[PDB]
Structure formats: structure tokens, C-alpha cells
Amino acid sequence: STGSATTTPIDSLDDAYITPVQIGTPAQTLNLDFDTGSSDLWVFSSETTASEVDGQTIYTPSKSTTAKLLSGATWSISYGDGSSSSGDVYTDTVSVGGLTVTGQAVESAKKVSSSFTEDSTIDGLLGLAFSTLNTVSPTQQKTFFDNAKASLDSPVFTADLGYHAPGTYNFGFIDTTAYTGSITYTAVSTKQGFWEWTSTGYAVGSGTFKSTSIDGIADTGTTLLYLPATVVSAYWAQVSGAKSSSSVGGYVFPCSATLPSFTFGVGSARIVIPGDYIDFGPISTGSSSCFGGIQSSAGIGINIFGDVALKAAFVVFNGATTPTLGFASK
Ligand SMILES: CCN(CC)C(C)=N
């Protein structure tokens, strides 16, 4: 089997991407944030504290003939940005782009933190990291991908995120029309439960390539590109007036600037992030100070190849017995 679903930016800045997902019988369609940095599929629901729902579409398990309470199971998750959610668990039929999994754990939120409430466009998350990170207790549950894998034509999914435009998540096949050149594959460590790999270096604009190992994670659920302070300083040094602002919480730059590109290495291959991808707009409405799309990972403990990096590539998440990651230009 295969599946193919369009993913759409939630706003004009590509702050996140939502993908429609069918849950239950008859189908209830929710728009979920596909997140290769976590491993829980959770949704706003009829059980979510009413004051914490503001415009989201909810899953109502009592209206699904295939929903079954997973007795005794609870979940609780907190993300790198300080947000969180928790609740109980149902199993139900879940379909993405024509690919159907029966008996999928659907984690129903009883509580969500303010940033989720405040984002009316995201009805929940669909985790695509390794199932070892799944938070369901006392019996850990599998991701949608892990459940689907044996049925797929090939045990892979691909992320093709758009810049200020829709893109595609495919399951079970590689669309050879969706990228240019060849796909370069690179080794993955699953030791931390992430799609963790090592970039071979970077360049800033038309500058020379610096060969240096940068261990990090491919994370569709993170907006920006978080890299070591040395690398980030070298980038912003090429932008007149750019500075790190503790009050704003990162590097900012004059909105009048033209940003240089940023290149990252994948083996001997190179992925080029155009300068415009690194512009996240005024820090507040009407400001002439703009927020940078490349930021320091120094306070995080891990480097993160988030959407800013991934949207510059066609990315293969290869879930074979020994997983690997593939990157192609597009
Ligand atoms: C987990 C990231 N997130 C969704 C974009 C929020 C609202 N905190």
C-alpha cells in the first residue's frame, strides 16, 4: 500500500504545516501537525477542557463506531518549546492520504497548554519519530508509520515541504518526479529516538564550504534551523545590522536586508537554503526588526534541522531494519 497527502502552511511565515487525517467511522477529518521529532498521535477532542478549545476541530470518539477506549492508558507530553498536552487513549481507524491503519492509538487530549489553544489551525500532532519515545503509559504505543510499515510497498515516508506553498507527505514510495539529481543517503542513530544524523558541514552565501561534523535531528515539527553558536554567528556576521537579542530571544536583523543563502552538507552532497527561507518577518506587527530563521542550539542540547532546512530538500525517512535519511535538491 501507499499514501499521499498534501501538507499546507498554517500561516504566511510557514510557522508549521498541517495535513488532513481521517479518524474513525464515519471519518472525522482533523488537520494534524506531522512531527518527525515526536512519537505521539494526539488530538483535540470532546474530552478536552472546554476553556482550552478555541476554534480547533475535535475528535469525538463516541461518534465513531470503530473507537475503543484503551483501558487504563494515559499520556502526557512536553515539547522543546515548553508546550504540553495530556489525556487518555482510544484505538481507532486512521487514514492518511488513502493509507489506512486499523487499531491506531489516538491520544485524546483532556488538557492542552496555552500555545495549542491559541493556534486554531492545528487540531493535534501526528508523531513520526521512533516509537520508543511514545508517552502512553503503562503500555507504550506505536506510531502511525510503525503500524503501517509492514503493509507499505517500501518501508519509507518522504517529506516535501513547500516554501510559502503546499507540499506533500508520501508513505510507502519515493516519487522520482519530486526532486532533481540524486538522493544522498546518510546514517541514522536511533539512540535518542530521533531521526538523528551528522551533517558534513556548511557554507554561508557564496563562501567556502567548511567541513565539520554537525550532529542533529531531522524535525518537521520544529520551525527553524538550530545549529551551534559558532555556525550561527558566522551566518549572521554576513548580514549588516544583525544581532542576537536576549530580549527578543534570538538573532534579529533589519527587515531591509537581503539575506545570504545557507548550505548544509549531506555526505558529499550540498543542500542550499535560499536567503528568503531564513526571513521570519517582523518581531512584532509594524516593526522593522525581523526574526532570523537560523538560531543557536546552545540552550537546547541538540542541533535541529527544522522546517527551514527540510523545506529546501526532498527528504526520505527510510524505516528499513537499519534506518537512514535521504536528501535531494528539488
Ligand atoms: C509543538 C509546537 N506547537 C505547534 C506548532 C505548539 C503550538 N506549541
# chains A, B, ... in the order shown; residues from 1 in each chain; ligands from 1

$ residues_around --residues "residue A:296" --least-positions-apart "6" --cutoff "8 Å" --atoms "only C-alpha atoms" --output "PDB file with N, CA, C and O atoms, in the first residue's frame"
ATOM      1  N   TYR A 226      18.277  25.154  14.051  1.00  0.00           N
ATOM      2  CA  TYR A 226      19.066  25.409  15.255  1.00  0.00           C
ATOM      3  C   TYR A 226      20.412  24.715  15.159  1.00  0.00           C
ATOM      4  O   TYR A 226      20.468  23.487  15.069  1.00  0.00           O
ATOM      5  N   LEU A 227      21.484  25.507  15.175  1.00  0.00           N
ATOM      6  CA  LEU A 227      22.837  24.999  14.935  1.00  0.00           C
ATOM      7  C   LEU A 227      23.800  25.563  15.975  1.00  0.00           C
ATOM      8  O   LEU A 227      23.433  26.471  16.718  1.00  0.00           O
ATOM      9  N   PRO A 228      25.027  25.020  16.042  1.00  0.00           N
ATOM     10  CA  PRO A 228      25.964  25.506  17.067  1.00  0.00           C
ATOM     11  C   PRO A 228      26.241  27.002  16.960  1.00  0.00           C
ATOM     12  O   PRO A 228      26.187  27.576  15.872  1.00  0.00           O
ATOM     13  N   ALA A 229      26.537  27.622  18.094  1.00  0.00           N
ATOM     14  CA  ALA A 229      26.699  29.068  18.165  1.00  0.00           C
ATOM     15  C   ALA A 229      27.769  29.579  17.205  1.00  0.00           C
ATOM     16  O   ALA A 229      27.637  30.673  16.670  1.00  0.00           O
ATOM     17  N   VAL A 232      26.158  29.715  13.670  1.00  0.00           N
ATOM     18  CA  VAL A 232      25.122  30.736  13.605  1.00  0.00           C
ATOM     19  C   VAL A 232      25.742  32.141  13.619  1.00  0.00           C
ATOM     20  O   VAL A 232      25.296  33.034  12.899  1.00  0.00           O
ATOM     21  N   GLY A 250      16.646  35.653  20.374  1.00  0.00           N
ATOM     22  CA  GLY A 250      17.446  35.132  19.287  1.00  0.00           C
ATOM     23  C   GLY A 250      17.978  36.216  18.372  1.00  0.00           C
ATOM     24  O   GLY A 250      17.885  37.412  18.665  1.00  0.00           O
TER      25      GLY A 250
END

$ closest_atom_pairs --of "chain A" --to "ligand 1" --cutoff "6 Å" --atoms "only C-alpha atoms and all ligand atoms" --output "CSV"
residue,atom,partner,partner_atom_place_in_ligand_line,distance
A:16,CA,ligand 1,5 (C),5.4
A:79,CA,ligand 1,1 (C),5.7
A:83,CA,ligand 1,8 (N),4.9
A:115,CA,ligand 1,7 (C),4.6
A:116,CA,ligand 1,7 (C),4.2

$ residues_around --residues "residue A:27" --least-positions-apart "4" --cutoff "12 Å" --atoms "only C-alpha atoms" --output "list in words"
residues 20, 21, 22, 23, 59, 60, 61, 63, 64, 65, 66, 67, 92, 93, 94, 95, 96 and 100 of chain A

$ select_by_dssp --residues "stretch 150-180 of chain A" --states "strand (DSSP E or B)" --output "list in words"
residues 156, 157, 158, 159, 160, 167, 168, 169, 170 and 171 of chain A

$ select_by_dssp --residues "stretch 204-236 of chain A" --states "alpha helix (DSSP H)" --output "mmCIF file with N, CA and C atoms, in the first residue's frame"
data_model
loop_
_atom_site.group_PDB
_atom_site.id
_atom_site.type_symbol
_atom_site.label_atom_id
_atom_site.label_comp_id
_atom_site.auth_asym_id
_atom_site.auth_seq_id
_atom_site.Cartn_x
_atom_site.Cartn_y
_atom_site.Cartn_z
ATOM 1 N N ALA A 229 26.537 27.622 18.094
ATOM 2 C CA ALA A 229 26.699 29.068 18.165
ATOM 3 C C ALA A 229 27.769 29.579 17.205
ATOM 4 N N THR A 230 28.825 28.797 16.992
ATOM 5 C CA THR A 230 29.888 29.192 16.068
ATOM 6 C C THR A 230 29.345 29.351 14.649
ATOM 7 N N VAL A 231 28.540 28.389 14.221
ATOM 8 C CA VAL A 231 27.991 28.367 12.868
ATOM 9 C C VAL A 231 27.012 29.517 12.674
ATOM 10 N N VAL A 232 26.158 29.715 13.670
ATOM 11 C CA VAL A 232 25.122 30.736 13.605
ATOM 12 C C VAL A 232 25.742 32.141 13.619
ATOM 13 N N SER A 233 26.786 32.333 14.421
ATOM 14 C CA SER A 233 27.496 33.605 14.447
ATOM 15 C C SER A 233 28.115 33.905 13.084
ATOM 16 N N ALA A 234 28.722 32.895 12.471
ATOM 17 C CA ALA A 234 29.304 33.066 11.140
ATOM 18 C C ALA A 234 28.251 33.467 10.100
ATOM 19 N N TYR A 235 27.050 32.908 10.201
ATOM 20 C CA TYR A 235 25.989 33.261 9.263
ATOM 21 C C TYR A 235 25.578 34.731 9.425
ATOM 22 N N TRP A 236 25.192 35.117 10.635
ATOM 23 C CA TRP A 236 24.625 36.442 10.862
ATOM 24 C C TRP A 236 25.663 37.560 10.745
#

$ atom_distance --atom1 "atom CA of residue A:11" --atom2 "atom CA of residue A:280"
11.2 Å

$ closest_residue --among "A:76, A:120, A:139, A:324" --to "residue A:189" --atoms "only C-alpha atoms"
A:324

$ residues_around --residues "residue A:71" --least-positions-apart "3" --cutoff "12 Å" --atoms "only C-alpha atoms" --output "VMD selection string"
chain A and resid 68 74 88 to 91 105 136 to 139

$ write_last_selection --atoms "N, CA, C and O atoms" --output "compact mmCIF listing (two decimals), in the first residue's frame"
# COMPACT_ATOMS: atom_id res chain seq x y z
N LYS A 68 -12.42 2.46 20.39
CA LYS A 68 -12.42 1.63 21.59
C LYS A 68 -11.49 2.26 22.62
O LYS A 68 -10.33 2.56 22.32
N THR A 74 -2.93 6.31 29.74
CA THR A 74 -2.85 7.76 29.78
C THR A 74 -1.59 8.19 29.05
O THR A 74 -0.71 7.38 28.76
N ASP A 88 -6.21 10.70 27.79
CA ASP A 88 -6.38 9.25 27.72
C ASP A 88 -6.31 8.79 26.26
O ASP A 88 -5.96 9.57 25.38
N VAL A 89 -6.63 7.52 26.01
CA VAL A 89 -6.29 6.90 24.74
C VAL A 89 -7.40 6.00 24.22
O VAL A 89 -7.99 5.22 24.98
N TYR A 90 -7.68 6.14 22.93
CA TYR A 90 -8.56 5.26 22.20
C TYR A 90 -7.76 4.58 21.11
O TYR A 90 -6.72 5.09 20.70
N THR A 91 -8.21 3.42 20.65
CA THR A 91 -7.75 2.90 19.37
C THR A 91 -8.85 3.14 18.34
O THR A 91 -10.03 3.06 18.66
N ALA A 105 -3.38 3.89 18.00
CA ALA A 105 -3.59 4.63 19.22
C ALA A 105 -3.81 6.10 18.88
O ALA A 105 -2.93 6.75 18.30
N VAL A 136 2.63 6.95 25.95
CA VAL A 136 1.50 6.25 26.55
C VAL A 136 1.96 5.29 27.64
O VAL A 136 2.92 4.53 27.45
N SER A 137 1.25 5.32 28.76
CA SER A 137 1.57 4.51 29.93
C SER A 137 0.28 3.82 30.37
O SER A 137 -0.78 4.42 30.32
N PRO A 138 0.38 2.57 30.85
CA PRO A 138 1.57 1.76 31.11
C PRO A 138 2.06 0.93 29.93
O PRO A 138 3.06 0.22 30.05
N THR A 139 1.36 1.02 28.80
CA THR A 139 1.72 0.23 27.62
C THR A 139 2.01 1.18 26.47
O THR A 139 1.10 1.79 25.92

$ residues_around --residues "stretch 206-219 of chain A" --least-positions-apart "4" --cutoff "7 Å" --atoms "only C-alpha atoms" --output "short mmCIF file (atom, residue, chain, number, x, y, z; two decimals) with N, CA, C and O atoms, in the first residue's frame"
data_model
loop_
_atom_site.label_atom_id
_atom_site.label_comp_id
_atom_site.auth_asym_id
_atom_site.auth_seq_id
_atom_site.Cartn_x
_atom_site.Cartn_y
_atom_site.Cartn_z
N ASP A 35 5.02 15.43 12.81
CA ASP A 35 6.17 15.82 13.61
C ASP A 35 7.18 14.68 13.71
O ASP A 35 7.01 13.77 14.51
N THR A 36 8.24 14.75 12.91
CA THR A 36 9.27 13.71 12.94
C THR A 36 10.18 13.80 14.17
O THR A 36 11.11 13.00 14.32
N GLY A 37 9.88 14.75 15.06
CA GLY A 37 10.58 14.88 16.33
C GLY A 37 9.83 14.38 17.56
O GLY A 37 10.30 14.57 18.67
N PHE A 194 15.24 9.75 17.83
CA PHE A 194 15.04 10.73 16.75
C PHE A 194 15.65 10.25 15.43
O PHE A 194 16.43 9.29 15.41
N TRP A 195 15.30 10.94 14.34
CA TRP A 195 15.99 10.76 13.07
C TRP A 195 17.27 11.60 13.14
O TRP A 195 17.35 12.71 12.60
N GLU A 196 18.26 11.06 13.85
CA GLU A 196 19.48 11.78 14.17
C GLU A 196 20.58 11.39 13.19
O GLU A 196 20.81 10.20 12.95
N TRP A 197 21.24 12.39 12.64
CA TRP A 197 22.24 12.19 11.60
C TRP A 197 23.35 13.21 11.76
O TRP A 197 23.28 14.07 12.65
N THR A 198 24.38 13.12 10.93
CA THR A 198 25.52 14.03 11.02
C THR A 198 25.78 14.71 9.69
O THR A 198 26.19 14.07 8.72
N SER A 199 25.52 16.02 9.66
CA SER A 199 25.84 16.84 8.51
C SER A 199 27.35 16.97 8.38
O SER A 199 28.07 16.98 9.37
N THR A 200 27.82 17.08 7.14
CA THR A 200 29.26 17.13 6.88
C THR A 200 29.83 18.55 6.83
O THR A 200 31.04 18.71 6.62
N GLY A 201 28.99 19.56 7.03
CA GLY A 201 29.48 20.93 7.11
C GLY A 201 28.52 21.97 6.58
O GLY A 201 27.33 21.70 6.39
N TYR A 202 29.03 23.17 6.33
CA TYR A 202 28.18 24.27 5.91
C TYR A 202 28.93 25.34 5.13
O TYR A 202 30.16 25.44 5.19
N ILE A 302 20.76 19.97 21.61
CA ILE A 302 20.76 19.20 20.37
C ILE A 302 20.60 20.17 19.20
O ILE A 302 19.93 21.19 19.32
N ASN A 303 21.24 19.86 18.08
CA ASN A 303 21.02 20.63 16.86
C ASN A 303 19.77 20.12 16.16
O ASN A 303 19.49 18.90 16.16
N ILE A 304 19.02 21.04 15.57
CA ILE A 304 17.73 20.68 14.96
C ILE A 304 17.62 21.21 13.54
O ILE A 304 17.57 22.42 13.31
N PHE A 305 17.58 20.29 12.59
CA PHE A 305 17.28 20.61 11.21
C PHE A 305 15.76 20.65 11.08
O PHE A 305 15.12 19.65 10.73
N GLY A 306 15.19 21.80 11.40
CA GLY A 306 13.75 22.02 11.31
C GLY A 306 13.31 22.42 9.92
O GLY A 306 14.06 22.26 8.94
#

$ residues_around --residues "residue A:255" --least-positions-apart "4" --cutoff "7 Å" --atoms "only C-alpha atoms" --output "list in words"
residues 288, 289 and 290 of chain A

$ closest_residue --among "A:108, A:154, A:184, A:318" --to "residue A:40" --atoms "only C-alpha atoms"
A:108

$ atom_distance --atom1 "atom CA of residue A:204" --atom2 "atom CA of residue A:166"
27.0 Å
